[PDB]
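Asks: pasting an experimental structure with its sequence.
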Protein chains: 2
Amino acid sequence: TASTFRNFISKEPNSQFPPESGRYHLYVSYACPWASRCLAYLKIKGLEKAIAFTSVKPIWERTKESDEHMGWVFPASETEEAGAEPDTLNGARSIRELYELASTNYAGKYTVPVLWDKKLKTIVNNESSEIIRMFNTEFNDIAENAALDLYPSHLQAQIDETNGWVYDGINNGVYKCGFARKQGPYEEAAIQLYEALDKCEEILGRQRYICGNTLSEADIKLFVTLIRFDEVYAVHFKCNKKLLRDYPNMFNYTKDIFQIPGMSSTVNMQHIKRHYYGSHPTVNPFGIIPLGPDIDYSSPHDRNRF
Amino acid sequence: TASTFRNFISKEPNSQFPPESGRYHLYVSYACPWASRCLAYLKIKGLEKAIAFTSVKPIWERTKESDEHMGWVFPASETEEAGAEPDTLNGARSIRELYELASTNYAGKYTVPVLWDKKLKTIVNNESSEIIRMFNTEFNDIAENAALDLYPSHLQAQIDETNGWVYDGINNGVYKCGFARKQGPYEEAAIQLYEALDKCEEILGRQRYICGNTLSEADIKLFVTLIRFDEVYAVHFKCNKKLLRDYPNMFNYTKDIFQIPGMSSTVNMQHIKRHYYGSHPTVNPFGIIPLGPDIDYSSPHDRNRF
Ligand SMILES: N[C@@H](CCC(=O)N[C@@H](CS)C(=O)NCC(=O)O)C(=O)O
Ligand SMILES: N[C@@H](CCC(=O)N[C@@H](CS)C(=O)NCC(=O)O)C(=O)O
């Protein structure tokens, strides 16, 4: 009956959602940067056994017969498309169906990520920024890497501040450029985007990570956008004043984070490219997929110089 | 009454078109690479006084009321749009109108360039490859730079051979990528495109120009495509396996040719970008113009190292 799903896992008494192992399930798309945040945290914090995940198909399809709604769909079998698995948990065929199964009063969009609860058969949370916070603290009793803290108290002020202008300028900014229907609004977003990127470039020139000498939540939010920049945003969203490849610091910075154990696991460039170029006949009518620079992010970087 | 306009200026007896000064007129668009070939030759060979030129508006508009045909149009006045001038010669309002005025039996496309004859009130030629040949030899009696030969006999074999695979792979190849409606054909064009570009890169690593140590016709045909690559082809036509900026030889090679006296005169990046992104609601519905890297091609190059 809920109109929104913004609840939290909690190690507190009288909590609807305690951090039990095998209880929760993460629904994602490799293509979506926001969902990719959560996949990164599962590997970084070592929550693989605690929380399994399933990825939908990259290209949108029709979710129902009665209306022409387009969105995320699950494959019918494991062999239908690489990187995608059917929803064996609830037998759903689309993300939309999972929401409807949780509540007929849901008023939001049918988006990923989705943190599902197997016990109450409901959606705990569908906000990536919140999912990664509870992935960072609430599962430390069973996390393979409990010590690792991406949101330590002494950084929260700087992380929240960084997240601020990085969200508006970069994470969400690339979409402002792509969804712009007028020249003025486009240039506003593009200008502000490369102001933010230059700002990052200067920071990462003095230190290894965006908020100091250690990895933080801010780095994961930034990385998921950068890893998609030259292949998608630079063409699909017309963000071409400068490519990531041309930012020496951010470029090696992306390689560095990509090469962190378990991170490359969460980058599926096929799903990334297939989704953006294949699910928007508005912006890309014939659904052609650019060749792309095909950069090897496993290749050497210079970020150890710090 | 002619169905085609493929005639030649000639210093021969009994020739319909002798190379008289002030007799012929060149109609172009700064945006079109093929037309830009001819502008380059006018400045290189020093034919400014001999042959005047007029540029149409970059963005296509309706040419008639009775049908919805879109194409080149002249401004009504000199102040309507920079880089464009009205057709004061024949008072035409579109390129289409110039063709119809030449012959009601014309069966080709209403394209630029157009080499017009003021005497017979007709179109001499509308093929860029041919226009530049007669710009190179037939006006040497009045050319400010008569000595300069871009198609000297001892290079014709190599120039024609270079022009061969450069036309299919690069000059026309970028369009094969952009007009591709299917993935397979796109990848064919994109693959073949970057095979040709790599081939150029290797050549220009051993020598200054594409056909040896001196500028030739082959260089002008290549340059007009390269100067448009990162701003247009790399995004609009999805040619993004590699940007020109990333080819050190071809990149400086483009700067070198750009800086040849009178060449920069023929590069109007505004017209270039406005046309491609503004005249195809098919490929680019909202007609948004990417910010673009805004490269200064007047900046220093390393091509004198030869
Ligand atoms: N606020 C959400 C954003 C999630 C989101 O925008 N997801 C996109 C994928 S990139 C989506 O599933 N969109 C589906 C739709 O709008 O139809 C978060 O940060 O987690
Ligand atoms: N074969 C011609 C090609 C000219 C050409 O394709 N021009 C284009 C501009 S890039 C044009 O005027 N197209 C107009 C149309 O097709 O409607 C040449 O090499 O000169």
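Replies: That came through fine. Residues are numbered from 1 along each chain as shown, chains lettered A, B, ... in the order given. Ligands and ions are numbered 1, 2, ... in the order given.

Asks: looking at the stretch 201-306 of chain A, what residue ends up closest to ligand 1?
Replies: residue A:275 (8.1 Å; CB to the nearest ligand atom). Heads up, the C-betas are built off the backbone N, CA and C, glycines and all.

Asks: quick check on that residue: phi, psi?
Replies: Here is the backbone geometry of residue A:275 (degrees, to the nearest 10): phi -60, psi -60.

Asks: domains for chain A, by residue range?
Replies: As assigned by curated CATH domains, chain A contains the domains A:1-148+A:260-306, A:149-259.

Asks: redo these as TSV? Include mean neighbour count and distance to ligand 2.
Replies: TSV is the format used below for the domains of chain A (neighbours: other CB atoms under 10 Å in any protein chain shown; distance: least, CB to the nearest ligand atom, whole Å):
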stretch	mean neighbour count	distance to ligand 2
domain A:1-148+A:260-306	17	19
domain A:149-259	19	21
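
Asks: same list, those, but as a markdown table with distance to residue B:32 please.
Replies: Shown next, in a markdown table, are the domains of chain A (distance: least, CB to CB, whole Å):
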| stretch | distance to residue B:32 |
| --- | --- |
| domain A:1-148+A:260-306 | 23 |
| domain A:149-259 | 22 |
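
Asks: show me the contacts for the residue of the stretch 201-306 of chain A closest to ligand 1.
Replies: A:29, A:31, A:32, A:58, A:59, A:60 (CB atoms under 8 Å, 6 or more residues apart in numbering or on different chains).

Asks: that's a helix at the fourth one, yeah?
Replies: Think residue A:58. No - applying DSSP: H, G, I helix; E, B strand; the rest coil, one finds residue A:58 to be coil, outside a helix.

Asks: I figured it hits residue A:83, correct?
Replies: Yes - with contact defined as CB atoms under 8 Å, residue A:58 counts as touching residue A:83 (7.4 Å).

Asks: overlap of the contact sets of the two?
Replies: A:30, A:270, A:271.

Asks: sorry, back to before: which one of the domains of chain A lies closest to residue B:224?
Replies: domain A:149-259 (20.4 Å; CB to CB).

Asks: any idea what residue A:238 is structurally, helix, strand or coil?
Replies: coil.

Asks: which one is it nearest to, not counting chain neighbours?
Replies: Spatially, and ignoring its direct neighbours in sequence, residue A:238 is nearest to residue B:290 (4.1 Å; CB to CB, 6 or more residues apart in numbering or on different chains).

Asks: now swap in residue A:70 and tell me
Replies: Closest to residue A:70 by CB to CB, 6+ apart is residue A:60, at 4.5 Å.

Asks: got it, and residue A:169?
Replies: residue A:196 (3.0 Å).

Asks: ok, that neighbour touching residue A:165?
Replies: Yes - with contact defined as CB under 8 Å, residue A:196 and residue A:165 form a contacting pair (6.2 Å).

Asks: sorry, back to before: roughly how far apart are the residue nearest to residue A:70 and residue A:282?
Replies: 12 Å (CB to CB, to the nearest Å).

Asks: go on, residue A:198?
Replies: 31 Å.

Asks: list the contacts of stretch A:251-260.
Replies: Under CB under 8 Å, 6+ apart, the answer for stretch A:251-260 is A:44, A:204, A:208-209, A:215, A:219-220, A:223, A:226-227, A:244-245, A:263-264, A:267, A:297-303.

Asks: can you do 6 Å?
Replies: A:204, A:223, A:226, A:227, A:244, A:245, A:264, A:297, A:301, A:302, A:303 (CB atoms under 6 Å, 6 or more residues apart in numbering or on different chains).

Asks: and the last one, how far from chain B?
Replies: Going back to what we said before, that points to residue A:303. 22 Å (CB to the nearest CB, to the nearest Å).

Asks: nearest spatial neighbour of that residue, chain-adjacent residues omitted?
Replies: Nearest non-adjacent residue to residue A:303, counting by CB to CB, 6+ apart: residue A:256, 4.1 Å away.

Asks: next one: phi and psi at that neighbour?
Replies: The phi/psi pair for residue A:256 (degrees, to the nearest 10) is phi -60, psi -50.

Asks: I'd assumed residue A:250 was in contact with residue A:205.
Replies: No - contact between residue A:205 and residue A:250 fails when scored by CB atoms under 6 Å: they sit 9.5 Å apart.

Asks: tell me the residues of chain A that contact chain B?
Replies: A:181, A:186, A:190, A:235, A:238, A:240, A:241, A:286, A:288, A:290, A:291 (CB under 6 Å from any CB of the partner chain).

Asks: redo the residues you listed as TSV? Include secondary structure.
Replies: As requested, the residues of chain A next to chain B are exported to TSV (three-state DSSP):
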residue	secondary structure
A:181	coil
A:186	helix
A:190	helix
A:235	coil
A:238	coil
A:240	coil
A:241	coil
A:286	coil
A:288	coil
A:290	coil
A:291	coil
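
Asks: between those, which sits nearest residue A:157?
Replies: residue A:190 (29.7 Å).

Asks: for that closest one, which non-adjacent residue is spatially closest?
Replies: Nearest one to residue A:190, counting by CB to CB, 6+ apart, is residue B:291 at 4.5 Å.

Asks: what does residue A:24 give?
Replies: In this structure, residue A:24 finds its nearest non-sequential neighbour in residue A:51, 5.2 Å apart by CB to CB, 6+ apart.

Asks: how near is that neighbour to chain B?
Replies: Residue A:51 is 36 Å from chain B, by CB to the nearest CB.

Asks: phi, psi for that residue please.
Replies: phi -130, psi 110.

Asks: ok, now the one 10 residues further on?
Replies: Residue A:61 adopts backbone torsions of phi -140, psi 180, taken as degrees, to the nearest 10.

Asks: for beta bridges, what are the partners of the nearest residue to it once chain neighbours are set aside?
Replies: In this structure, residue A:61 finds its nearest non-sequential neighbour in residue A:73, 4.6 Å apart by CB to CB, 6+ apart. Beta-bridge pairing of residue A:73 under DSSP bridges involves residue A:94.
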